[PDB]
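Have a look at the structure below before the remarks.
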Amino acid sequence: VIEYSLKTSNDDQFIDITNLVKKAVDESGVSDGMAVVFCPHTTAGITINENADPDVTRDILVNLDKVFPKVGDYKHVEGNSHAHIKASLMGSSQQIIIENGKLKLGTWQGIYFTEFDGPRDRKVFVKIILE
Amino acid sequence: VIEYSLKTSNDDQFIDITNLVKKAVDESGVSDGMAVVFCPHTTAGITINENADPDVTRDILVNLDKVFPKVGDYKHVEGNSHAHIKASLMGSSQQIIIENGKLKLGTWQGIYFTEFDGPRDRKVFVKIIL
Amino acid sequence: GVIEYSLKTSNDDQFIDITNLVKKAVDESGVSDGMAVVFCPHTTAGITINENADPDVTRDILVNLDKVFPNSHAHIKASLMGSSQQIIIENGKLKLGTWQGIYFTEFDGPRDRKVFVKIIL
């Protein structure tokens with residue numbers, strides 16, 4: 001497994017890391033298998049969604065924020081309980097099928113690191129499962 | 001990897017593809033392994049839930065709609081951002097353990113393709129790992 | 001094969017830390033590098049990975065999920081958490097973040113539950 005380093009900027013943002021997953025796939029030399037993307041953070045996660053217009057990621061973030069605001073019924077008064085919730089909603093990992101040395105995903109389907117508590121120095125693990 | 005073509009009807013509906021997955025496993029001959037079901041769309045997803053009482057899936061779709069309505073604070077011009085959100089919530093894939101040549105599912109569990117922007121020409125990928 | 005654990009849940013909603021049960025399955029498998037798949041065979045419960053230190057974080061997730069979705073409520077919450085989660089096995093150890101715990105998320109207890117743990121490759 002290889003560990004990539006990520007530098008997030010805004011409090012919450014979607015970072016397209018599809019390039020990072022493909023980098024791991026080439027480096028592995030695997031033609032067929034599985035690519036597992038894991039996020040070791042509890043205030044961030046991984047999701048797969050539209051890679052085209054950034055209006056889609058904006059809508060997801062804004063609306064996730066609307067339903068689970070920064071301020072509210074949170075005994076975890078540290079202020080990022082909302083990020084913990086959203087992290088679980090997106091998921092701690094996502095997997096993509098590897099076919100003919102390529103990630104088998106939709107045309108405009110990209111892999112995102114979903115930051116709900118930036119700016120921070122993050123990590124993302126990528127494991128390529130051969131054959 | 002096996003690919004199944006699906007033609008969805010309603011703009012939002014849960015399509016039970018458990019048997020489709022089961023057929024992939026049986027035809028693969030694999031006895032012990034892992035079945036990975038992947039949805040290559042950004043306005044649809046894959047989930048596992050109640051396979052008996054149709055009221056359950058109905059309530060999920062309805063509740064998802066109430067919390068994330070078709071019209072609202074959305075900049076995306078296609079007017080389908082509510083679908084993109086629900087897709088990430090259900091997830092782009094799910095996996096099921098294969099034991100003794102059969103899907104190790106709970107008595108009430110069914111695998112669903114969750115369409116949030118139909119009717120459209122969809123696909124589902126099923127990868128059997130051993 | 002698969003290692004099945006039984007869990008006896010109590011309160012209506014509860015996050016049960018099963019990180020050790022999973023590590024247990026890992027150590028017993030003998031594998032050094034692979035994948036640990038944790039699967040919940042119930043439609044009113046799920047599996048998620050989140051803060052394993054502060055009890056209020058799980059309390060906030062449960063209560064706020066409840067606020068937005070006040071037993072079909074258990075069914076929708078089960079799908080939001082997910083029916084399964086995957087963890088990288090490296091050096092015969094779960095490659096988890098410092099504050100990451102694996103949780104079985106009960107939304108309709110008290111019940112006799114089960115979690116399956118399959119170690120791959």
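Chain labels run A, B, ... following the order of the structure tokens; each chain numbers its residues from 1, and ligands are numbered from 1 in the order shown.
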
Give the strand (DSSP E or B) residues of region 19-72 of chain C, as DSSP finds them on the backbone, and put them as a PDB file with C-alpha atoms, in the first residue's frame.
ATOM      1  CA  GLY C  34      -4.678  -8.231   2.946  1.00  0.00           C
ATOM      2  CA  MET C  35      -8.133  -6.799   3.480  1.00  0.00           C
ATOM      3  CA  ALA C  36     -10.552  -7.073   6.391  1.00  0.00           C
ATOM      4  CA  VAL C  37     -14.188  -6.816   5.297  1.00  0.00           C
ATOM      5  CA  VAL C  38     -16.678  -6.226   8.118  1.00  0.00           C
ATOM      6  CA  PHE C  39     -20.273  -7.046   7.165  1.00  0.00           C
ATOM      7  CA  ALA C  45     -28.082  -1.736  11.669  1.00  0.00           C
ATOM      8  CA  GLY C  46     -24.856  -0.990   9.850  1.00  0.00           C
ATOM      9  CA  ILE C  47     -21.100  -0.534  10.062  1.00  0.00           C
ATOM     10  CA  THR C  48     -19.082   2.684  10.134  1.00  0.00           C
ATOM     11  CA  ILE C  49     -15.627   3.940  11.114  1.00  0.00           C
ATOM     12  CA  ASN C  50     -15.288   7.090  13.230  1.00  0.00           C
ATOM     13  CA  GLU C  51     -13.823   8.756  16.360  1.00  0.00           C
TER      14      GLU C  51
END

For region 10-115 of chain B against region 58-79 of chain A, with a cut-off of 8 Å and counting only C-alpha atoms, what is the closest atom pair and its distance in Å to one decimal for every residue that makes the cut, ordered by chain and number, as a Markdown table?
| residue | atom | partner | partner_atom | distance |
| --- | --- | --- | --- | --- |
| B:67 | CA | A:67 | CA | 7.3 |
| B:68 | CA | A:63 | CA | 7.7 |
| B:73 | CA | A:63 | CA | 7.3 |
| B:74 | CA | A:59 | CA | 5.4 |
| B:75 | CA | A:59 | CA | 6.4 |
| B:76 | CA | A:59 | CA | 7.1 |
| B:81 | CA | A:59 | CA | 6.5 |
| B:84 | CA | A:60 | CA | 7.5 |
| B:85 | CA | A:60 | CA | 5.6 |

Take the residues from that selection and write them out as a short mmCIF file (atom, residue, chain, number, x, y, z; two decimals), in the first residue's frame, keeping N, CA and C atoms.
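Output saved as part_20.cif:
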data_model
loop_
_atom_site.label_atom_id
_atom_site.label_comp_id
_atom_site.auth_asym_id
_atom_site.auth_seq_id
_atom_site.Cartn_x
_atom_site.Cartn_y
_atom_site.Cartn_z
N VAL B 67 -35.55 15.44 2.98
CA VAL B 67 -34.32 16.07 3.46
C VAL B 67 -33.52 16.73 2.34
N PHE B 68 -33.60 16.17 1.13
CA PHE B 68 -32.89 16.70 -0.03
C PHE B 68 -33.85 16.83 -1.21
N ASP B 73 -31.39 25.04 -2.84
CA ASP B 73 -30.12 25.73 -3.00
C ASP B 73 -29.14 24.90 -3.82
N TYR B 74 -29.31 24.90 -5.14
CA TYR B 74 -28.46 24.13 -6.05
C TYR B 74 -27.97 24.97 -7.22
N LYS B 75 -26.66 24.97 -7.48
CA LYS B 75 -26.12 25.75 -8.59
C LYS B 75 -26.05 24.92 -9.88
N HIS B 76 -25.95 23.60 -9.75
CA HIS B 76 -25.83 22.73 -10.92
C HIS B 76 -27.03 22.88 -11.87
N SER B 81 -28.97 17.88 -8.84
CA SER B 81 -28.02 17.77 -7.73
C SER B 81 -28.57 16.93 -6.57
N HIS B 84 -27.37 13.58 -7.21
CA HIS B 84 -25.94 13.41 -6.97
C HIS B 84 -25.68 13.23 -5.48
N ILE B 85 -26.42 13.96 -4.65
CA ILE B 85 -26.23 13.85 -3.20
C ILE B 85 -26.66 12.48 -2.70
#

Requested in this report: Find the residues in chain A near chain B: any atom within 12 Å counts, using only C-alpha atoms. Write them as a ChimeraX atom specification.
Outcome: /A:32-36,45-68,85-100,103-112,114,129-131

Query raised in the report: Neighbours of region 63-76 of chain C within 7 Å (only C-alpha atoms; same-chain residues fewer than 6 positions away dropped), as an MDAnalysis selection string?
Result: (chainID B and resid 56 59:60) or (chainID C and resid 43:44 107:108)

How about saving the chosen residues, N, CA, C and O atoms kept, as a compact mmCIF listing (two decimals), in the first residue's frame?
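File written: out_39.txt
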# COMPACT_ATOMS: atom_id res chain seq x y z
N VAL B 56 -40.83 -0.26 3.07
CA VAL B 56 -39.52 0.19 3.55
C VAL B 56 -38.74 0.99 2.52
O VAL B 56 -38.32 2.11 2.80
N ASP B 59 -40.35 4.31 1.92
CA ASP B 59 -40.09 5.29 2.98
C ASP B 59 -38.69 5.90 2.90
O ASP B 59 -38.49 7.06 3.27
N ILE B 60 -37.74 5.12 2.42
CA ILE B 60 -36.37 5.60 2.29
C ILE B 60 -36.32 6.67 1.21
O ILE B 60 -35.81 7.76 1.43
N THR C 43 -30.83 -5.15 8.25
CA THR C 43 -31.28 -3.97 7.52
C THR C 43 -31.57 -2.77 8.44
O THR C 43 -31.84 -1.67 7.96
N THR C 44 -31.51 -2.98 9.74
CA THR C 44 -31.76 -1.88 10.68
C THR C 44 -30.51 -1.58 11.52
O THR C 44 -30.59 -1.01 12.62
N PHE C 107 -29.59 0.66 15.35
CA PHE C 107 -30.66 1.65 15.25
C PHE C 107 -32.03 1.08 15.63
O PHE C 107 -33.03 1.80 15.57
N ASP C 108 -32.09 -0.19 16.01
CA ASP C 108 -33.36 -0.81 16.38
C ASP C 108 -33.22 -1.96 17.38
O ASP C 108 -33.82 -3.03 17.20

Query - Distance query residue 106 (chain B) at most 9 Å, only C-alpha atoms, self and fewer than 4 positions along chain excluded, as a list in words - result: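 In the requested form, the answer reads residues 110 of chain B; 40, 41, 42 and 43 of chain C.
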
Query raised in the report: Would you list which chain C residues are within 10 Å of chain A using only C-alpha atoms, as an MDAnalysis selection string?
Result: chainID C and resid 33:35 47:52 54:65 67:68 77 79:82 85:90 95:101 120:121

Report task. Looking only at alpha helix (DSSP H) from DSSP on the backbone, list the matching residues of chain B as a PyMOL selection string. Result -> chain B and resi 18-28+54-67+81-90

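Pairwise distance (CA of residue 124 (chain A), CA of residue 29 (chain A)) equals 19.8 Å.
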
Query - Between CA of residue 16 (chain B) and CA of residue 114 (chain B), distance in Å (one decimal) - result: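 Atom-to-atom, CA of residue 16 (chain B) and CA of residue 114 (chain B) are spaced 8.8 Å apart.
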